[PDB]
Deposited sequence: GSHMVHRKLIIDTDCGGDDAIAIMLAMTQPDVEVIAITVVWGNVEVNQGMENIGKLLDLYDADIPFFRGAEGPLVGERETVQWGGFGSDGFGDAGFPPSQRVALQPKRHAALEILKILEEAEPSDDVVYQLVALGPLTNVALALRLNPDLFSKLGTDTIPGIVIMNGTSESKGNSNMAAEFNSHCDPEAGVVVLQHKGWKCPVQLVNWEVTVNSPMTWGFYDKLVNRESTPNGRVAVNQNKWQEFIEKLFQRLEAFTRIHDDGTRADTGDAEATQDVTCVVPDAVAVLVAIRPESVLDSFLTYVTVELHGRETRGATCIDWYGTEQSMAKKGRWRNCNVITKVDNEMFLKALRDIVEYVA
């Protein structure tokens, strides 16, 4: 049984990803932590509330950082999902928002880790679907508790972050979440004491595991109440971009909870550039480094670069979202 903390900036693919986690057996989302990114934290809170209304779930969700770990944001809000990142769909506003605790998301990660009881029946995982600010902030406050995540075998942290080929979608080199907070990425990747290397679910690997617009049409039944919500959520994205639809965060959640969906990967040293002009936020990957090269430069195999996900397993998981009975 997996217990997940999902850290998110609450866009359309974040919603599909959360839906995937909540409709999979032997998985329980125990907290949702909101971070700035594609929409502002206040709007994010509203989005999560609307998504949890749909499920009637009593999962607690928390306000996190409104900007980067260090300095003004150097990225722009995309707007691909619409002005609220959620379809501008007219969902009824949620009464869940005001009920939520005041605790900063970072302090909540720590509280959950503190209260966590790892055994072989119950494993805890953090999946990060937005800029890493909340996670970095928690890490520098109490680094030790992060060893409670994962197993020697099961990854404690999976992140939707960076590139494997520096096809940047934010600047020329850097992926959005990474570019949003490069400092936070360094803190996550440099951290000592993960039980398993960070799993890097990067842009290119999600591009190569998309859904077809044809598949989408069938998903949304071109109706039970889940398909209706997905149609409304994706309506702006659909008008703006529609042969394939890339749903990155959902790929990340799939990697976390079905590790067999990883068909190919490369375990090596990875870090984030902080200081370049065109390359701030770039993912730097030691492709050729030997154990002897790394020792010399104080590197180590800290990151598993995911290079191929099983598309078939992904589609089935999406299919499972719309067939879910509580």
query: Missing stretches, numbered from 1 on the deposited chain sequence and kept in order; finding: 1 to 5, 228 to 238, 259 to 276
